[PDB]
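Only one structure is covered here, and it is reproduced in the block below.
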There are 2 protein chains.
Amino acid sequence: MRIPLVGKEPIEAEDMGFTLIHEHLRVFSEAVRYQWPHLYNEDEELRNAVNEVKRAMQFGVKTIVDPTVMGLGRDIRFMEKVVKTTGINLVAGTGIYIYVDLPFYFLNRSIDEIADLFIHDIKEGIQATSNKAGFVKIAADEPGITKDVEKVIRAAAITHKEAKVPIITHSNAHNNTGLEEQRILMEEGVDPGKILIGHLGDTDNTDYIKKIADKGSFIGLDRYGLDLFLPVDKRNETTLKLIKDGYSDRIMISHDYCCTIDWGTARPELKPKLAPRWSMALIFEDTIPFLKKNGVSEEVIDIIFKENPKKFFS
Amino acid sequence: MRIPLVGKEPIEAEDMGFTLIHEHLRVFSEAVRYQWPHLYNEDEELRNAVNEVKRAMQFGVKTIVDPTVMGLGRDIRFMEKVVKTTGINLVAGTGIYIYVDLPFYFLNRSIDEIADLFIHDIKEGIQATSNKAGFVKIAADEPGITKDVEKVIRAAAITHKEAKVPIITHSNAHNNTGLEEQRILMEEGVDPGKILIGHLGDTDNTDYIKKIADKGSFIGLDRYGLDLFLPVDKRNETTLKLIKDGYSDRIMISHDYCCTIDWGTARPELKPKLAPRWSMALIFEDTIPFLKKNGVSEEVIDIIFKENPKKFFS
Ligand SMILES: [Co+2]
Ligand SMILES: [Co+2]
Ligand SMILES: [Fe+2]
Ligand SMILES: [Fe+2]
């Protein structure tokens with residue numbers, strides 16, 4: 001009814017279950033892959049995905065939210081592929097993933113026709129497949145909020161009030177880009193409780209994370225395993241600190257794991273040293289057990305992975 | 001032998017004939033089209049291309065050089081498609097078309113692995129099709145020369161000395177980006193007589209065009225029809241001025257025509273007003289007849305469309 005899915009009927013919101021709010025089956029750069037597919041292996045990418053998913057459903061993961069959109073190589077027909085061999089609840093989304101500028105096609109185009117693209121994937125269907133998006137993704141990083149960056153953000157604020165779907169953001173933790181994202185969305189009639197400032201777990205600063213959580217929006221401690229931004233343990237203490245400070249009603253956890261990633265700054269041979277234990281179920285081996293071992297109840301974990309996402313999708 | 005082609009054997013250089021140095025069968029943004037192909041029509045795009053080409057071979061056009069690369073939607077299998085139904089000499093190329101930054105895949109990647117991509121298309125084959133590139137394309141515009149912009153330029157300077165193929169540039173006429181492109185290439189052991197600073201016909205300033213031509217490189221009066229940069233007549237007088245000033249040995253002419261272009265800032269309904277007569281054979285109806293009518297011999301036109309390109313490919 002409310003929450004769309006992939007290769008399956010649309011759920012409501014309370015039947016969402018244990019959810020991994022931020023994960024990636026596989027990412028790639030549309031341009032290169034389309035120009036040189038001799039570098040890729042549909043098979044290797046399908047297996048890793050399949051293998052990684054089935055193991056998340058074990059630890060009790062019910063629904064996986066995949067924020068793969070334009071620029072990350074969103075393949076809806078590749079999404080159904082794995083959903084069929086694993087039977088996973090996969091919420092597809094829309095939007096555009098960028099840091100600086102838009103593709104050339106966007107030259108001299110209004111912000112509306114941009115939000116038009118998103119509104120199309122929500123109500124019509126992603127890539128003419130019927131599978132609709134459940135949200136909209138937007139990204140800001142080191143280069144901070146620029147012209148093209150802001151255009152997409154405001155186009156998200158519109159795709160939100162018109163479709164009623166939520167929006168998940170991608171930001172640099174030490175930048176303030178997260179706050180900027182929250183502000184620019186809030187000023188445009190965007191429901192804070194309907195915005196996920198992500199990756200803000202890549203930093204110790206608990207005051208920056210708090211104020212953003214105080215602003216009403218969901219905070220993103222979503223990149224566990226990626227030690228290169230912040231080691232696992234350094235991350236666990238942060239989550240901890242906030243849980244005791246009563247921010248669990250806004251804390252959402254995930255990995256941001258890419259079964260197969262395109263960038264060279266994250267080669268499969270770069271795993272060790274950069275992200276040794278980074279996986280789709282790392283928070284089951286380390287994080288969760290860590291909290292319950294430090295005095296956090298079962299209600300909190302079910303709140304984070306169940307009740308928080310439910311409030312995010314309705 | 002020297003000059004590679006598409007769906008045919010590689011020519012030498014003197015058998016190049018009358019050539020349109022800069023033309024586009026069709027351009028599109030890899031990302032969007034790959035994410036939403038419901039906006040495109042393989043058919044409409046094939047016909048326009050086919051129709052436009054056959055009419056250029058009439059006016060005596062022997063070889064067409066298509067500078068469509070990453071970012072413009074280079075489709076080698078779509079190139080052979082038309083080459084077969086028209087039997088045209090089509091020189092494919094490589095490189096990257098940008099204004100600001102590279103795709104994410106290029107994050108933390110050396111300039112070598114970039115030139116590696118180009119060197120692959122030259123000696124191995126474009127997109128694993130055997131069809132090799134005859135040159136490398138690079139672009140700079142209003143945003144001028146930036147980090148990512150310069151990285152590709154220097155990666156071109158390398159792909160040039162190692163493969164021996166020439167490089168065609170895309171620049172803003174009123175910016176100096178053209179000169180910047182020439183300089184950064186020259187400083188890296190790049191043969192000026194092996195660089196095509198393009199689009200510098202979009203401006204009156206004949207002193208800027210001259211110095212660039214004096215620097216040894218080929219000048220680009222290559223966008224006839226696109227009145228929006230400079231009307232046809234305003235362009236003709238410029239070419240004229242330089243021909244009388246003995247710069248014809250460096251003048252190369254084309255249209256830069258896109259049978260089917262992706263950007264909205266150039267919609268098929270925007271043709272009139274922006275570029276009314278813009279086509280693949282506009283210089284036959286207007287330009288050429290104009291010169292021979294103002295006292296320029298037959299040797300000059302054959303030099304521009306035959307001898308100049310021959311020196312550019314060898
Ligand atoms: Co992200
Ligand atoms: Co150009
Ligand atoms: Fe992500
Ligand atoms: Fe062009």
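Going by the structure tokens order, chains are called A, B, ..., each with residues numbered from 1, while ligands are numbered from 1 in the order shown.
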**Report entry** chain B contacts on chain A, only C-alpha atoms, 9 Å, as a PyMOL selection string
**Finding:** chain A and resi 28-32+34-38+69-76+98+100-101+103-109+126-128+262-265
Please dump the current selection as a short mmCIF file (atom, residue, chain, number, x, y, z; two decimals), in the first residue's frame; keep N, CA and C atoms.
data_model
loop_
_atom_site.label_atom_id
_atom_site.label_comp_id
_atom_site.auth_asym_id
_atom_site.auth_seq_id
_atom_site.Cartn_x
_atom_site.Cartn_y
_atom_site.Cartn_z
N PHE A 28 28.24 0.95 -9.92
CA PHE A 28 29.15 1.13 -11.03
C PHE A 28 28.86 2.45 -11.74
N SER A 29 29.82 2.94 -12.50
CA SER A 29 29.64 4.17 -13.26
C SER A 29 29.01 3.87 -14.61
N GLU A 30 27.79 4.36 -14.80
CA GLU A 30 27.05 4.10 -16.03
C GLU A 30 27.90 4.28 -17.29
N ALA A 31 28.58 5.42 -17.38
CA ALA A 31 29.37 5.75 -18.56
C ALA A 31 30.36 4.65 -18.94
N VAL A 32 31.38 4.48 -18.11
CA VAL A 32 32.44 3.51 -18.38
C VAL A 32 31.91 2.11 -18.68
N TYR A 34 29.11 1.12 -19.66
CA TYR A 34 28.41 1.12 -20.93
C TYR A 34 29.36 1.24 -22.11
N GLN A 35 30.51 1.87 -21.88
CA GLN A 35 31.51 2.05 -22.94
C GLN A 35 32.50 0.89 -22.97
N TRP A 36 32.73 0.28 -21.81
CA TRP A 36 33.67 -0.82 -21.71
C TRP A 36 33.18 -1.85 -20.73
N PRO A 37 32.34 -2.78 -21.20
CA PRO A 37 31.77 -3.82 -20.36
C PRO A 37 32.70 -5.02 -20.22
N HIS A 38 33.90 -4.92 -20.78
CA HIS A 38 34.87 -6.00 -20.70
C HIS A 38 35.57 -6.00 -19.37
N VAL A 69 21.15 4.84 -7.16
CA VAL A 69 20.47 5.65 -8.17
C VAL A 69 21.43 6.13 -9.26
N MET A 70 20.93 6.98 -10.15
CA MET A 70 21.76 7.50 -11.23
C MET A 70 23.13 7.91 -10.70
N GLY A 71 24.18 7.45 -11.37
CA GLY A 71 25.54 7.75 -10.95
C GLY A 71 26.16 6.59 -10.19
N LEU A 72 25.30 5.73 -9.65
CA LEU A 72 25.76 4.55 -8.93
C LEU A 72 25.46 3.28 -9.71
N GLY A 73 24.74 3.42 -10.82
CA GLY A 73 24.46 2.30 -11.71
C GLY A 73 23.22 1.52 -11.34
N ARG A 74 22.17 2.22 -10.93
CA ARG A 74 20.92 1.57 -10.56
C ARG A 74 20.38 0.69 -11.69
N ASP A 75 20.37 -0.62 -11.45
CA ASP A 75 19.86 -1.58 -12.42
C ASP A 75 18.66 -2.35 -11.84
N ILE A 76 17.46 -1.91 -12.19
CA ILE A 76 16.24 -2.50 -11.65
C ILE A 76 16.03 -3.95 -12.09
N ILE A 98 25.44 12.76 -6.76
CA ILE A 98 26.49 13.62 -7.29
C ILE A 98 27.27 14.34 -6.19
N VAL A 100 29.47 17.36 -7.47
CA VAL A 100 29.72 18.66 -8.06
C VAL A 100 28.61 19.10 -9.01
N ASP A 101 28.60 18.53 -10.21
CA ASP A 101 27.66 18.95 -11.24
C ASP A 101 26.83 17.80 -11.82
N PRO A 103 24.97 15.69 -15.15
CA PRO A 103 25.29 15.32 -16.52
C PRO A 103 24.90 16.46 -17.45
N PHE A 104 25.43 16.44 -18.67
CA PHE A 104 25.20 17.53 -19.62
C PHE A 104 23.73 17.70 -19.97
N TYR A 105 23.00 16.59 -20.03
CA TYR A 105 21.58 16.63 -20.35
C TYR A 105 20.82 17.63 -19.49
N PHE A 106 21.36 17.95 -18.32
CA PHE A 106 20.69 18.84 -17.38
C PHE A 106 21.02 20.31 -17.61
N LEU A 107 21.79 20.60 -18.66
CA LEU A 107 22.16 21.97 -18.99
C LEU A 107 20.94 22.80 -19.38
N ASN A 108 20.67 23.84 -18.60
CA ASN A 108 19.57 24.76 -18.89
C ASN A 108 18.21 24.14 -18.61
N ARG A 109 18.17 23.19 -17.67
CA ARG A 109 16.91 22.55 -17.29
C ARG A 109 16.47 22.97 -15.90
N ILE A 126 10.06 2.52 -12.22
CA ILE A 126 11.48 2.72 -12.52
C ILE A 126 11.89 2.03 -13.82
N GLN A 127 12.37 2.82 -14.77
CA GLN A 127 12.90 2.28 -16.02
C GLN A 127 11.87 1.42 -16.74
N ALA A 128 10.62 1.86 -16.71
CA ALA A 128 9.54 1.16 -17.39
C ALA A 128 9.53 -0.33 -17.05
N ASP A 262 32.48 -0.13 -8.19
CA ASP A 262 33.19 0.26 -9.40
C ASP A 262 34.48 1.04 -9.14
N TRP A 263 34.43 1.96 -8.18
CA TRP A 263 35.56 2.85 -7.93
C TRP A 263 36.83 2.11 -7.62
N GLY A 264 37.95 2.65 -8.09
CA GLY A 264 39.25 2.05 -7.85
C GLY A 264 39.75 2.36 -6.45
N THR A 265 39.19 3.40 -5.85
CA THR A 265 39.55 3.80 -4.50
C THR A 265 38.93 2.84 -3.49
#
Requested in this report: Find the residues near ligand 4. Use a cut-off of 7 Å, count only C-alpha atoms and all ligand atoms, and write them as a PyMOL selection string.
Outcome: chain B and resi 22-24+67+256
Write out as a PDB file with N, CA and C atoms, in the first residue's frame which residues come within 6 Å of residue 197 in chain B when counting only C-alpha atoms, dropping same-chain ones fewer than 5 positions away.
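So selection-v3.pdb came out as:
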ATOM      1  N   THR B 169      40.357  18.914 -29.532  1.00  0.00           N
ATOM      2  CA  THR B 169      39.879  19.516 -28.293  1.00  0.00           C
ATOM      3  C   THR B 169      38.529  20.210 -28.456  1.00  0.00           C
ATOM      4  N   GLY B 178      41.065  27.399 -24.983  1.00  0.00           N
ATOM      5  CA  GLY B 178      41.719  26.856 -26.167  1.00  0.00           C
ATOM      6  C   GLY B 178      43.227  26.967 -26.056  1.00  0.00           C
ATOM      7  N   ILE B 219      43.293  25.269 -36.166  1.00  0.00           N
ATOM      8  CA  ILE B 219      42.209  26.061 -35.587  1.00  0.00           C
ATOM      9  C   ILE B 219      40.832  25.505 -35.957  1.00  0.00           C
ATOM     10  N   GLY B 220      39.871  25.675 -35.053  1.00  0.00           N
ATOM     11  CA  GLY B 220      38.554  25.068 -35.210  1.00  0.00           C
ATOM     12  C   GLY B 220      37.415  26.018 -35.533  1.00  0.00           C
TER      13      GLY B 220
END
Report task. Write out as a PyMOL selection string which residues come within 8 Å of range 131-141 of chain B when counting only C-alpha atoms, dropping same-chain ones fewer than 2 positions away. Result -> chain B and resi 3-7+67+69+76+91-99+118+121-126+128-129+143-145+149+152-153+156+159-160+165-172+175+177-178+181
Emit the selected residues as a compact mmCIF listing (two decimals), in the first residue's frame, including N, CA and C atoms.
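So part-v3.txt came out as:
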# COMPACT_ATOMS: atom_id res chain seq x y z
N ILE B 3 45.45 5.40 -40.43
CA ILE B 3 44.13 5.83 -39.98
C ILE B 3 43.14 4.67 -39.88
N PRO B 4 42.72 4.37 -38.66
CA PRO B 4 41.70 3.34 -38.41
C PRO B 4 40.32 3.80 -38.85
N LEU B 5 39.41 2.85 -39.05
CA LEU B 5 38.04 3.17 -39.45
C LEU B 5 37.03 2.30 -38.72
N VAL B 6 35.78 2.33 -39.19
CA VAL B 6 34.70 1.56 -38.57
C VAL B 6 34.06 0.61 -39.58
N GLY B 7 34.02 -0.67 -39.22
CA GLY B 7 33.44 -1.69 -40.10
C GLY B 7 34.12 -1.74 -41.45
N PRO B 67 33.75 12.79 -33.16
CA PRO B 67 34.39 12.94 -31.86
C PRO B 67 33.44 12.63 -30.70
N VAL B 69 32.66 10.59 -27.57
CA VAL B 69 33.33 9.76 -26.58
C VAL B 69 32.56 9.72 -25.26
N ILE B 76 29.80 2.34 -30.46
CA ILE B 76 30.53 1.80 -31.61
C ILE B 76 29.69 0.83 -32.43
N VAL B 91 35.89 7.79 -38.86
CA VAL B 91 37.00 7.65 -37.93
C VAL B 91 36.54 7.81 -36.48
N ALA B 92 36.47 6.70 -35.76
CA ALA B 92 36.10 6.72 -34.35
C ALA B 92 37.28 7.19 -33.50
N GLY B 93 36.99 7.68 -32.30
CA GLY B 93 38.03 8.17 -31.41
C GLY B 93 37.83 7.74 -29.97
N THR B 94 38.69 8.25 -29.08
CA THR B 94 38.57 7.95 -27.66
C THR B 94 38.79 9.21 -26.83
N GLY B 95 38.86 9.03 -25.52
CA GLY B 95 39.04 10.16 -24.60
C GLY B 95 37.83 10.35 -23.70
N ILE B 96 37.73 11.53 -23.09
CA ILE B 96 36.62 11.82 -22.20
C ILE B 96 36.15 13.26 -22.35
N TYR B 97 34.84 13.43 -22.45
CA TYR B 97 34.23 14.74 -22.65
C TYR B 97 33.67 15.26 -21.33
N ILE B 98 34.31 16.29 -20.78
CA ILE B 98 33.88 16.85 -19.50
C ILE B 98 34.07 18.36 -19.42
N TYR B 99 33.56 18.95 -18.35
CA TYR B 99 33.65 20.39 -18.12
C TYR B 99 34.22 20.67 -16.74
N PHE B 118 42.52 5.20 -22.97
CA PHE B 118 42.61 5.65 -24.35
C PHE B 118 43.53 4.74 -25.17
N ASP B 121 41.80 1.67 -26.41
CA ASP B 121 40.88 1.81 -27.54
C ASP B 121 41.62 1.96 -28.86
N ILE B 122 42.87 2.41 -28.78
CA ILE B 122 43.68 2.65 -29.96
C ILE B 122 44.29 1.37 -30.52
N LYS B 123 44.84 0.54 -29.64
CA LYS B 123 45.60 -0.63 -30.05
C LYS B 123 44.83 -1.94 -29.88
N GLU B 124 43.93 -1.99 -28.90
CA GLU B 124 43.14 -3.19 -28.65
C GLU B 124 41.83 -3.17 -29.42
N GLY B 125 41.07 -2.08 -29.27
CA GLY B 125 39.78 -1.95 -29.93
C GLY B 125 38.74 -1.33 -29.01
N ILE B 126 37.91 -0.47 -29.58
CA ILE B 126 36.89 0.23 -28.80
C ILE B 126 35.76 -0.71 -28.37
N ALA B 128 35.69 -3.61 -27.09
CA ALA B 128 35.86 -4.99 -27.51
C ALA B 128 35.09 -5.28 -28.80
N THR B 129 35.34 -4.48 -29.82
CA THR B 129 34.68 -4.66 -31.11
C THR B 129 35.71 -4.73 -32.23
N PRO B 143 33.70 26.70 -17.25
CA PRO B 143 34.35 26.37 -15.98
C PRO B 143 35.87 26.32 -16.15
N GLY B 144 36.33 26.49 -17.38
CA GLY B 144 37.76 26.53 -17.67
C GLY B 144 38.50 25.27 -17.28
N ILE B 145 39.82 25.38 -17.19
CA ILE B 145 40.67 24.24 -16.83
C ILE B 145 40.67 24.01 -15.33
N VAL B 149 39.68 18.47 -15.24
CA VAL B 149 39.82 18.87 -16.64
C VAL B 149 41.26 18.71 -17.10
N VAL B 152 42.70 14.99 -17.61
CA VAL B 152 42.38 14.37 -18.89
C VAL B 152 43.26 14.92 -20.01
N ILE B 153 43.53 16.22 -19.96
CA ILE B 153 44.37 16.86 -20.96
C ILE B 153 45.77 16.27 -20.97
N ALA B 156 45.96 12.95 -22.26
CA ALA B 156 45.88 12.96 -23.71
C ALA B 156 47.27 13.14 -24.30
N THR B 159 48.73 9.74 -24.22
CA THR B 159 48.12 8.85 -25.20
C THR B 159 48.54 9.24 -26.61
N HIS B 160 49.15 10.41 -26.74
CA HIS B 160 49.57 10.93 -28.04
C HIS B 160 50.95 10.49 -28.41
N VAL B 165 48.65 8.93 -32.36
CA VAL B 165 47.40 9.48 -32.87
C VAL B 165 47.26 10.94 -32.45
N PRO B 166 46.47 11.71 -33.21
CA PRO B 166 46.25 13.12 -32.93
C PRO B 166 45.13 13.34 -31.91
N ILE B 167 45.01 14.57 -31.41
CA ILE B 167 44.02 14.89 -30.39
C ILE B 167 43.20 16.12 -30.77
N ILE B 168 41.88 15.97 -30.71
CA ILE B 168 40.97 17.08 -31.00
C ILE B 168 40.35 17.60 -29.70
N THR B 169 40.36 18.91 -29.53
CA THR B 169 39.88 19.52 -28.29
C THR B 169 38.53 20.21 -28.46
N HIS B 170 37.85 20.42 -27.33
CA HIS B 170 36.59 21.15 -27.30
C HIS B 170 36.72 22.26 -26.30
N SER B 171 36.60 23.50 -26.76
CA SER B 171 36.85 24.65 -25.88
C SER B 171 35.86 25.80 -26.04
N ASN B 172 35.83 26.67 -25.04
CA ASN B 172 35.05 27.89 -25.09
C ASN B 172 35.84 28.99 -25.80
N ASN B 175 37.09 32.23 -23.82
CA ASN B 175 37.65 31.88 -22.51
C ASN B 175 39.17 31.88 -22.45
N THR B 177 40.49 29.01 -22.86
CA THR B 177 40.58 27.58 -22.61
C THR B 177 41.27 26.88 -23.78
N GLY B 178 41.06 27.40 -24.98
CA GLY B 178 41.72 26.86 -26.17
C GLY B 178 43.23 26.97 -26.06
N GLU B 181 44.57 24.76 -23.46
CA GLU B 181 44.62 23.39 -23.96
C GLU B 181 45.87 23.16 -24.79
Requested in this report: May I have the residues within 8 Å of residue 2 in chain A as number ranges by chain, using only C-alpha atoms and disregarding those fewer than 2 positions away in the same chain?
Outcome: A: 4, 10-13, 313-314
Save out the residues we just selected, N, CA, C and O atoms, as a PDB file, in the first residue's frame.
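Saved file result_13.pdb follows:
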ATOM      1  N   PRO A   4       6.527   0.596  -1.603  1.00  0.00           N
ATOM      2  CA  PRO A   4       6.745  -0.199  -2.810  1.00  0.00           C
ATOM      3  C   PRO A   4       7.908  -1.171  -2.644  1.00  0.00           C
ATOM      4  O   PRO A   4       8.747  -0.985  -1.763  1.00  0.00           O
ATOM      5  N   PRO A  10       3.414  -4.342  -2.923  1.00  0.00           N
ATOM      6  CA  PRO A  10       3.798  -3.256  -2.028  1.00  0.00           C
ATOM      7  C   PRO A  10       3.265  -3.456  -0.615  1.00  0.00           C
ATOM      8  O   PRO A  10       2.067  -3.672  -0.427  1.00  0.00           O
ATOM      9  N   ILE A  11       4.155  -3.381   0.370  1.00  0.00           N
ATOM     10  CA  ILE A  11       3.764  -3.532   1.766  1.00  0.00           C
ATOM     11  C   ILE A  11       3.061  -2.275   2.269  1.00  0.00           C
ATOM     12  O   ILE A  11       2.790  -1.353   1.499  1.00  0.00           O
ATOM     13  N   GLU A  12       2.768  -2.245   3.565  1.00  0.00           N
ATOM     14  CA  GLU A  12       2.098  -1.100   4.173  1.00  0.00           C
ATOM     15  C   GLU A  12       3.105  -0.194   4.873  1.00  0.00           C
ATOM     16  O   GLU A  12       3.376   0.916   4.414  1.00  0.00           O
ATOM     17  N   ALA A  13       3.654  -0.675   5.984  1.00  0.00           N
ATOM     18  CA  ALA A  13       4.651   0.073   6.740  1.00  0.00           C
ATOM     19  C   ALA A  13       5.003  -0.648   8.039  1.00  0.00           C
ATOM     20  O   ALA A  13       6.162  -0.662   8.460  1.00  0.00           O
ATOM     21  N   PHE A 313       8.827   5.435   6.847  1.00  0.00           N
ATOM     22  CA  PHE A 313       8.009   5.099   5.685  1.00  0.00           C
ATOM     23  C   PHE A 313       6.515   5.200   5.984  1.00  0.00           C
ATOM     24  O   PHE A 313       5.796   4.201   5.940  1.00  0.00           O
ATOM     25  N   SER A 314       6.054   6.411   6.286  1.00  0.00           N
ATOM     26  CA  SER A 314       4.638   6.649   6.552  1.00  0.00           C
ATOM     27  C   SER A 314       4.402   8.050   7.106  1.00  0.00           C
ATOM     28  O   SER A 314       4.763   8.349   8.245  1.00  0.00           O
TER      29      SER A 314
END
Requested in this report: Taking the chain letters and numbering used in this document, name the residues of range 100-202 of chain A that DSSP puts in helix (DSSP H, G or I), as a VMD selection string.
Outcome: chain A and resid 104 to 106 111 to 123 147 to 163 177 to 186 192 to 194
Report task. Extract, using only C-alpha atoms, all DNA, RNA and protein residues at most 10 Å from residue 213 in chain A, discarding same-chain residues fewer than 2 positions from it, and format them as a list in words. Result -> residues 179, 192, 193, 196, 197, 207, 208, 209, 210, 211, 215, 216, 217, 218, 219, 220, 247, 248, 249, 250 and 251 of chain A
Query raised in the report: Please, which residues of range 44-143 of chain B, numbered as in this document, come out strand (DSSP E or B) from DSSP, as JSON, numbers by chain?
Result: {"B": [63, 64, 65, 70, 89, 90, 91, 94, 95, 96, 136, 137, 138, 139]}
Got time to write the residues from that selection, N, CA and C atoms, as a PDB file, in the first residue's frame?
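The result, stored in result_17.pdb:
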ATOM      1  N   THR B  63      35.118  11.247 -46.002  1.00  0.00           N
ATOM      2  CA  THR B  63      35.299  10.737 -44.646  1.00  0.00           C
ATOM      3  C   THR B  63      34.706  11.675 -43.600  1.00  0.00           C
ATOM      4  N   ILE B  64      34.008  11.100 -42.624  1.00  0.00           N
ATOM      5  CA  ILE B  64      33.442  11.872 -41.523  1.00  0.00           C
ATOM      6  C   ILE B  64      34.105  11.497 -40.202  1.00  0.00           C
ATOM      7  N   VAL B  65      34.633  12.496 -39.502  1.00  0.00           N
ATOM      8  CA  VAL B  65      35.271  12.266 -38.210  1.00  0.00           C
ATOM      9  C   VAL B  65      34.301  12.561 -37.070  1.00  0.00           C
ATOM     10  N   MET B  70      33.153   9.086 -24.249  1.00  0.00           N
ATOM     11  CA  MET B  70      32.518   8.992 -22.943  1.00  0.00           C
ATOM     12  C   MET B  70      31.914  10.335 -22.545  1.00  0.00           C
ATOM     13  N   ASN B  89      33.268   6.584 -44.652  1.00  0.00           N
ATOM     14  CA  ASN B  89      34.522   6.499 -43.908  1.00  0.00           C
ATOM     15  C   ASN B  89      34.411   7.230 -42.577  1.00  0.00           C
ATOM     16  N   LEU B  90      34.246   6.468 -41.500  1.00  0.00           N
ATOM     17  CA  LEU B  90      33.999   7.046 -40.184  1.00  0.00           C
ATOM     18  C   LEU B  90      35.136   6.755 -39.214  1.00  0.00           C
ATOM     19  N   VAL B  91      35.887   7.791 -38.862  1.00  0.00           N
ATOM     20  CA  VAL B  91      36.999   7.648 -37.929  1.00  0.00           C
ATOM     21  C   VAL B  91      36.536   7.810 -36.483  1.00  0.00           C
ATOM     22  N   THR B  94      38.686   8.247 -29.085  1.00  0.00           N
ATOM     23  CA  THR B  94      38.573   7.950 -27.661  1.00  0.00           C
ATOM     24  C   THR B  94      38.788   9.208 -26.830  1.00  0.00           C
ATOM     25  N   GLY B  95      38.865   9.035 -25.515  1.00  0.00           N
ATOM     26  CA  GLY B  95      39.036  10.159 -24.602  1.00  0.00           C
ATOM     27  C   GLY B  95      37.834  10.350 -23.700  1.00  0.00           C
ATOM     28  N   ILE B  96      37.734  11.526 -23.092  1.00  0.00           N
ATOM     29  CA  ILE B  96      36.622  11.822 -22.201  1.00  0.00           C
ATOM     30  C   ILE B  96      36.149  13.260 -22.353  1.00  0.00           C
ATOM     31  N   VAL B 136      42.129  11.154 -29.876  1.00  0.00           N
ATOM     32  CA  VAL B 136      41.627  11.330 -28.518  1.00  0.00           C
ATOM     33  C   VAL B 136      40.989  12.706 -28.350  1.00  0.00           C
ATOM     34  N   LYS B 137      39.822  12.736 -27.713  1.00  0.00           N
ATOM     35  CA  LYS B 137      39.070  13.971 -27.542  1.00  0.00           C
ATOM     36  C   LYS B 137      39.131  14.427 -26.115  1.00  0.00           C
ATOM     37  N   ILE B 138      39.256  15.738 -25.926  1.00  0.00           N
ATOM     38  CA  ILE B 138      39.242  16.340 -24.597  1.00  0.00           C
ATOM     39  C   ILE B 138      38.466  17.650 -24.636  1.00  0.00           C
ATOM     40  N   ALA B 139      37.877  18.031 -23.509  1.00  0.00           N
ATOM     41  CA  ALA B 139      36.993  19.189 -23.495  1.00  0.00           C
ATOM     42  C   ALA B 139      37.215  20.133 -22.319  1.00  0.00           C
TER      43      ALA B 139
END
Requested in this report: Just give me the gap between CA of residue 269 in chain A and CA of residue 203 in chain A in Å, one decimal is fine.
Outcome: 25.3 Å
Requested in this report: For residue 295 in chain A, work out the shell of residues within 10 Å, counting only C-alpha atoms and skipping chain neighbours fewer than 3 positions away, then give it as JSON, numbers by chain.
Outcome: {"A": [240, 244, 290, 291, 292, 298]}
Resulting file, chosen residues, N, CA and C atoms, as a PDB file, in the first residue's frame:
ATOM      1  N   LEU A 240      26.772   4.136  21.133  1.00  0.00           N
ATOM      2  CA  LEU A 240      26.584   3.969  22.567  1.00  0.00           C
ATOM      3  C   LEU A 240      26.231   5.299  23.223  1.00  0.00           C
ATOM      4  N   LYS A 244      22.516   6.154  25.278  1.00  0.00           N
ATOM      5  CA  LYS A 244      22.395   6.524  26.684  1.00  0.00           C
ATOM      6  C   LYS A 244      21.877   7.951  26.828  1.00  0.00           C
ATOM      7  N   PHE A 290      27.602  -6.067  20.905  1.00  0.00           N
ATOM      8  CA  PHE A 290      28.315  -5.072  21.704  1.00  0.00           C
ATOM      9  C   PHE A 290      27.372  -4.275  22.599  1.00  0.00           C
ATOM     10  N   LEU A 291      26.253  -3.835  22.033  1.00  0.00           N
ATOM     11  CA  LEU A 291      25.284  -3.043  22.782  1.00  0.00           C
ATOM     12  C   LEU A 291      24.663  -3.857  23.911  1.00  0.00           C
ATOM     13  N   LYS A 292      24.076  -4.996  23.558  1.00  0.00           N
ATOM     14  CA  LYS A 292      23.461  -5.878  24.540  1.00  0.00           C
ATOM     15  C   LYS A 292      24.467  -6.280  25.614  1.00  0.00           C
ATOM     16  N   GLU A 298      16.606  -5.030  24.430  1.00  0.00           N
ATOM     17  CA  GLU A 298      16.134  -5.563  23.157  1.00  0.00           C
ATOM     18  C   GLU A 298      15.178  -4.594  22.476  1.00  0.00           C
TER      19      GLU A 298
END
